[PDB]
Each structure stands twice: as structure tokens, then as C-alpha cells.
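Student: Please find one structure pasted underneath; my questions will follow.
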Amino acid sequence: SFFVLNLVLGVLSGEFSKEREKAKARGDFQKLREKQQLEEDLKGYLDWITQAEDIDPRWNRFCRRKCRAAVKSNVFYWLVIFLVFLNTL
Amino acid sequence: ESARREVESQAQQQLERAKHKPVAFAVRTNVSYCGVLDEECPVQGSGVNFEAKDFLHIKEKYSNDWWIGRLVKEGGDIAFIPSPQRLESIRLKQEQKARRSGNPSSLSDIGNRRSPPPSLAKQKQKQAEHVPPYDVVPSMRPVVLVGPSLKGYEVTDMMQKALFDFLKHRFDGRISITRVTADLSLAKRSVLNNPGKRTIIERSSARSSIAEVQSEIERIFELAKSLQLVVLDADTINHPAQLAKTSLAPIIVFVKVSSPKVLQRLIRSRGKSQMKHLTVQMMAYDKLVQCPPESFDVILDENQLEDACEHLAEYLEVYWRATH
């Protein structure tokens with residue numbers, strides 16, 4: 001029951017590895033890798049385009065510039081964590 | 001030897017008496033020639049083995065042979081560069097003692113015609129295009145921020161307005177913005193004898209933008225004496241080829257868009273319209289990276305502005321300070 005199950009686990013894991021090695025040789029991790037960097041920049045530059053959306057040369061620069069700062073100020077990240085802890089409690 | 005001792009220290013004292021002397025103009029070198037064999041200078045310095053297109057701006061109206069000066073780096077010491085006529089007349093002097101410089105050969109044919117080599121191996125003709133020695137530039141260097149596409153087209157300058165906000169925040173005490181509605185890529189002051197100056201003089205080059213495109217050479221160059229790269233909005237350089245020929249040689253900064261797949265949703269996020277040009281904004285973009293930096297030596301492969309602006313900041317953090 002224990003030795004046999006150990007043998008089953010070993011034979012199954014060594015067979016899963018002996019197929020992931022083939023998949024790496026043919027190439028499938030590259031699709032996953034080159035997709036995560038894609039949305040990384042699509043989470044990147046595409047936020048930079050919106051950071052110039054309110055550079056006004058109708059008066060949202062007074063408040064919206066602070067809304068962006070507050071969201072990523074480590075204050076709106078800890079306040080929400082405290083609220084989630086309270087909700088759990 | 002009273003002759004050597006009585007003067008030799010002349011340069012040593014006059015390059016330090018007015019240590020706060022203000023520099024002007026500029027120099028763009030082309031040959032780094034040493035001076036162990038080519039000293040010919042009262043500074044007793046080794047040589048001028050600096051580089052091609054070296055960074056130093058000079059105003060000390062010295063004698064008609066050499067120009068005692070200053071080099072801009074981490075140290076604010078004084079330097080020395082030869083006068084333009086010196087480099088002109090000596091660029092052949094280093095090849096004046098080149099024996100068979102004219103046409104006779106040393107290939108065992110000694111006595112065919114003999115005679116001194118013809119004067120054409122001198123500055124008698126030198127007429128490639130009559131290209132002069134060291135070229136001036138502003139007291140600073142002009143700025144180009146190429147990318148991500150044809151400037152002024154929705155996203156294109158919108159990647160620059162955001163980049164010019166922290167820039168103006170770091171600047172504004174350093175800022176010298178201007179917006180040029182003229183084509184430097186179609187502007188070159190290397191005219192034959194005289195550029196167009198009149199308005200209705202009825203000449204073959206009267207109704208030409210050259211008159212109103214060279215008018216901002218004065219809005220650049222020595223106007224930068226207060227020290228400032230002077231950025232611009234120029235919808236002129238979509239490639240560091242036409243700009244980097246004349247005495248401009250601008251600060252070309254490239255905002256990278258990485259692989260040609262993140263810009264798709266960067267330009268299509270606005271949906272309809274933006275594909276009026278379709279290809280070029282995604283074709284001219286890699287038509288730029290195509291060639292090496294060196295011009296746009298600056299590259300800006302970076303995410304959200306917080307660190308992306310730092311690359312511009314650290315470039316000019318050393319650059320601004322090391323220019324005094």
C-alpha cells in the first residue's frame with residue numbers, strides 16, 4: 001500500500017517529466033513567456049498614455065492627479081487591507 | 001636659455017587667473033591627434049588626443065595659431081585645443097613627410113620623374129566639398145526625443161507630453177522649451193555662397209523655407225549660453241540620419257516600444273480613426289530602431305514613468321553638473 005503507491009508516484013512523475021522535456025524541446029513555454037511580458041508592457045506603456053490624459057495646457061488636475069498618487073501611495077494599499085481584515089473579522 | 005624660461009609659464013598663469021571666465025561657442029572635433037611629436041604649444045601639455053566630436057566649448061580669443069581652453073567633465077579644469085587653422089594646415093603636415101605623397105613610387109622605380117610632389121597634396125585644392133575643421137554647436141547640445149511614431153499624431157507626442165512633465169519638474173530652473181514649426185531635416189546651412197534673406201527679390205530660392213528654417217539657428221546655438229540642451233517639438237526627425245550631418249548633432253533620445261506587439265494596443269486603444277496612416281506608425285517606428293543608436297545613443301526601454309523618467313534624469317544629472 002505504501003511501497004506500491006511510491007512506485008506509482010515515481011513512474012508517473014518520471015513520465016510527466018519525460019513529456020514536459022519533449023514539450024520544452026518542441027517549444028511551448030515560449031508562448032507563455034512571451035505572452036506575460038506582452039501584457040506587462042500593456043499594463044506598462046498603456047498606463048503611461050493615461051498619465052498624460054490630464055496634462056491640460058475641465059479642472060481635474062487639482063484632484064485626479066492626487067487620486068493616482070493616493071491609489072499608489074501605500075496608504076490606499078494598507079487602508080483596503082485593514083478594511084478586508086475588518087470584513088473578515 | 002632665457003628664451004624658453006622667460007615665457008614658457010605664460011600659459012600656466014593665464015589659464016588660472018580668470019578661473020571664473022565664462023565659456024562660449026563650442027567645438028566638434030574630427031581627429032584625435034597626439035602631441036608627443038606635435039606639441040607646439042606654450043601649455044606644455046601632452047596633446048589634444050581627445051576624440052572625434054569632443055565635448056568642449058571655447059571662447060578664449062588666443063593667437064592665430066592655438067586656442068588655450070577648457071574641457072567639461074567631472075572636473076572643471078582647463079584644457080587646450082588647436083586653432084582651426086592649425087588643424088587645417090597640419091592635417092597635411094603629419095603626412096608632409098610621407099615621401100611618395102604625390103605619385104612617384106618606391107617600388108624600385110627611383111628616378112622616373114623625381115621632382116617634388118605636386119602641390120595638390122596640400123590645402124591648395126582639398127576640394128572634396130570644402131568641409132571645414134572643428135564645428136561649433138550651442139553652449140549646450142540640442143535635444144531630439146524620437147518615438148514612438150510620427151510626432152504630433154495622437155499617441156506620438158502624448159508619449160512626450162508626459163515625459164516633459166517630470167522633465168519640466170526637474171527643470172524650471174533648467175527648462176528652455178521651445179516649439180519649432182520648421183524642418184531641420186530639410187535645413188542645412190551648407191549653402192553655396194548666401195542663403196535667401198530677402199522676401200520679393202525674385203530669385204530662384206526666394207519662396208523657400210530655408211529663410212524661416214535657418215532663423216531659429218540663432219534661437220539655438222550661442223543663445224544657449226545659459227546652458228541648456230533646449231528641447232523642441234520638431235516634427236522633423238523620424239530617423240537619426242538627416243539631423244546628424246550638419247553642426248547640429250542633437251541629443252537624440254529614443255523611447256523604446258520593445259517588440260512590435262505592445263504598440264498595437266497602444267495605438268488601437270483609441271479604436272476608429274488612428275489608422276489613417278496605418279503602416280508607417282508601426283513601420284516608421286521600427287524604421288528607426290533599424291539603425292544603431294550612437295545618435296539616439298540614448299535608449300528608453302522602460303515601464304511606468306517613475307523609473308522611465310529616471311533614465312532621462314540620470315543622463316542629465318551628470319551631464320548638467322559636469323558641464324561647468
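Each chain of the C-alpha cells is named A, B, ... in the order shown, its residues numbered from 1; ligands are numbered from 1 in display order.
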Specify as a ChimeraX atom specification all residues of chain B found within 9 Å of chain A, counting only C-alpha atoms.
Tutor: /B:155,158-163,165,257-259,261-263,265-266,269,302-305
Student: Can you pull out the residues contacting stretch 39-41 of chain B? Cut-off 10 Å, using only C-alpha atoms, and skip same-chain residues under 3 positions away; I want them as an MDAnalysis selection string.
Tutor: chainID B and resid 8 11 34:36 44:48 65:68 80:82
Student: As an exercise, work out the distance from atom CA of residue B:275 to atom CA of residue B:296 in Å and give it to one decimal place.
Tutor: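 Between these atoms lies a distance of 26.7 Å.
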Student: Ranking B:38, B:157, B:218, B:314 by minimum distance to residue B:90 and counting only C-alpha atoms, which one comes first?
Tutor: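 Using only C-alpha atoms, the shortest distance to residue B:90 belongs to B:38.
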Student: So which one's closest to residue B:83, B:98, B:246, B:29, B:116? Using only C-alpha atoms, please.
Tutor: B:29
